[PDB]
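Notes for the one structure printed next.
Numbering starts at 1 and runs along the sequence shown. These numbers come from the heavy atoms of this one structure, side chains and all, not from hydrogens, waters or symmetry mates.
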Amino acid sequence: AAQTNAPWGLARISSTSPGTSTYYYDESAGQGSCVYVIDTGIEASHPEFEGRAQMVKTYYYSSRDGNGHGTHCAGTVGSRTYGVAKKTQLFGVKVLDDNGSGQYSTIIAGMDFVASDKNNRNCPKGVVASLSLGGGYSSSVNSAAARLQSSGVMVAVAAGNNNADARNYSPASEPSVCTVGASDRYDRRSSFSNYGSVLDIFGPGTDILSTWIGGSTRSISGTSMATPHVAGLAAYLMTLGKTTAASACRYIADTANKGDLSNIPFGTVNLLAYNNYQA
Ligand SMILES: O=C(O)[C@H]1O[C@H](O[C@@H]2[C@H](O)[C@@H](O)[C@@H](O)O[C@@H]2C(=O)O)[C@H](O)[C@@H](O)[C@H]1O
Ligand SMILES: [Ca+2]
Ligand SMILES: [Ca+2]
């Protein structure tokens, strides 16, 4: 399949070169997989989700995304126009309030929630969790992320936006999950993207168009935007049978475009997510 005039990031993850605008992907499109977006919620009613999104958990008075961030991230995972895995099932878990804030205890509960809740969902092709959030190092937060991964979920987490070594942030610094940095349309590390040995992969993170609340769309930037590219990519590859939850981060690094990014500090991987789709 081919989607013309796609967002640059979708084109990029199906291209060996920057500078193109068509997204190429197997039409299976993540069908039969599930992605949990652990964030501020998801506006499930947005036309772009086509009934494939639903809220399954909130820790606040409402399950509504009153912020926009969670909806944007979900849109990059799985919206029809702006998504990597256009047929995946999206589940929203609202661990962040409408200002984008949340206590680590709530975040940890949300992670253990997905580990259990997947047993209530139909996801024959596998389960992914996308965590576009973080804070200072916390072994408990890292442990929670490692549990979720161990339970059979491909956990993708944002590196952080401090232009610093991600070793000092959580859950970014957990070795067993997939830590995702951000790049821009010219194959530069995004200037805010964390880096370090703990990074596994980069994805598009600067000027990413996706869904927003009120049935709208907008373009924003962050490792929060790169992360769902990778999450959607995992779901897509899992549906195709190329990899599994336990192995998907390794597989994505193995099959990445290598050596193509600029401003990658010595000791950080130079790997850009790529779907290896050959029409
Ligand atoms: O069971 C334990 O406590 C032992 O493994 C632990 O790891 C946690 C899970 O058991 C494991 O499946 C995955 O989720 O990693 C978890 C974590 O990092 O906390 C710990 O390593 C120790 O508690 C160990 O005794
Ligand atoms: Ca720095
Ligand atoms: Ca890792």
Side-chain angles (χ1 to χ4, degrees), residues 7-13 15 17-19 37-40 68-70 72-73 75-77 82 84 96 100 129-138 141-142 145 154-210 218-234 248-250 252-253 255-275:
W8 77 263
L10 299 189
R12 188 72 189 87
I13 62 156
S15 188
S17 294
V37 181
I38 305 178
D39 206 292
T40 63
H69 189 267
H72 195 275
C73 296
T76 300
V77 177
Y82 310 99
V84 176
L96 301 183
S130 194
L131 286 133
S132 289
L133 57 71
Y137 180 88
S138 160
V141 174
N142 284 11
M154 195 283 189
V155 180
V157 307
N161 305 320
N162 320 94
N163 188 23
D165 194 313
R167 79 197 294 170
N168 290 322
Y169 300 88
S170 288
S173 65
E174 163 54 39
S176 67
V177 301
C178 208
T179 298
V180 184
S183 67
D184 74 12
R185 73 173 72 234
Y186 297 102
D187 280 353
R188 301 178 297 220
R189 176 173 65 91
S190 306
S191 70
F192 51 78
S193 183
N194 286 351
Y195 50 86
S197 294
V198 79
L199 263 68
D200 294 298
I201 191 63
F202 282 78
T206 299
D207 293 339
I208 304 306
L209 179 60
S210 187
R218 67 179 59 186
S219 165
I220 56 165
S221 301
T223 61
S224 288
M225 282 63 251
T227 301
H229 279 93
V230 169
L233 173 62
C249 188
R250 263 188 205 148
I252 284 165
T255 60
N257 284 305
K258 313 190 175 55
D260 290 328
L261 302 173
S262 68
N263 200 19
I264 300 293
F266 196 82
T268 294
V269 295
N270 193 325
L271 298 170
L272 183 61
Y274 170 53
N275 75 355

Heavy atoms of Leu133 and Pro171 approach each other most closely as O-CD, 3.8 Å
Would you check if there is a donor-acceptor pair between the side chains of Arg189 and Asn163 at a distance under 3.5 Å?
yes
So how far is it from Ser221 OG to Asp207 CG, rounded to the nearest 0.5 Å?
4.0 Å
Knowing that exactly one of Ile201, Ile208, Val77 qualifies, which makes a side chain to side chain contact (heavy atoms under 4.5 Å, CB included) with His229?
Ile208
Atom pair CG (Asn275) and CD1 (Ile13), whose distance is rounded to the nearest 0.5 Å:
5.5 Å
Here the gap from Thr76 atom OG1 to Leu233 atom CG, rounded to the nearest 0.5 Å, amounts to 13.0 Å
Does the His69 side chain pair with the main chain of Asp39, one donor and one acceptor, at a distance under 3.5 Å?
no
Nearest-0.5 Å distance that lies between atom CZ in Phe202 and atom OG1 in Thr223
10.0 Å
Going by heavy atoms in the side chains, are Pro228 and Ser132 under 4.5 Å from each other?
yes
Minimum heavy-atom separation for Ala158 and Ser224, please, with both atom names.
CB-N, 4.1 Å
CD1/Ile252 to SG/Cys178 distance, rounded to the nearest 0.5 angstrom?
5.5 Å
Donor-acceptor check, side chain of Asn263 to backbone of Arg188, threshold 3.5 angstrom: yes or no?
no
With a 4.5 Å heavy-atom cut-off, do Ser197 and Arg167 have their side chains touching?
no
So, the side chain of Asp187 versus the backbone of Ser17: is there a donor-acceptor pair under 3.5 Å, distance only?
no
Indicate the atoms forming the closest heavy-atom contact of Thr40 with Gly70, along with that distance.
OG1-N, 2.9 Å
Keeping the roles fixed (side chain from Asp200, backbone from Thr179), state whether a donor-acceptor pair exists under 3.5 Å.
yes
If you round to the nearest 0.5 Å, how far is CG of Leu131 from SG of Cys73?
10.0 Å
Distance-minimising heavy-atom pair for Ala256 and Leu271
CB-CB, 3.8 Å
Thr268 side-chain N/O to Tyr195 backbone N/O, donor-acceptor pair under 3.5 Å:
no
With distance as the sole test, does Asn194 use its side chain to make a donor-acceptor pair with the main-chain N or O of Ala164 at under 3.5 Å?
yes
Please evaluate residues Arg185 and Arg12 with respect to the criterion side chain to side chain contact (heavy atoms under 4.5 Å, CB included), reporting the C-alpha separation (whole Å), side-chain torsions for both, the decisive distance (0.1 Å), and the verdict.
CA-CA 8 Å; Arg185 73 173 72 234; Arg12 188 72 189 87; over 6 Å; no
Indicate the atoms forming the closest heavy-atom contact of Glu174 with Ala145, along with that distance.
CG-CB, 4.5 Å
Grab the two heavy atoms, one from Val157 and one from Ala172, that are nearest each other, plus how far apart they are.
CG2-CA, 3.8 Å
Any donor and acceptor pair, going by atom type alone, linking the side chain of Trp8 with main-chain N or O of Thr206 inside 3.5 Å?
yes
Has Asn161 got a side-chain atom pairing as donor or acceptor with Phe192's backbone, closer than 3.5 angstrom?
no
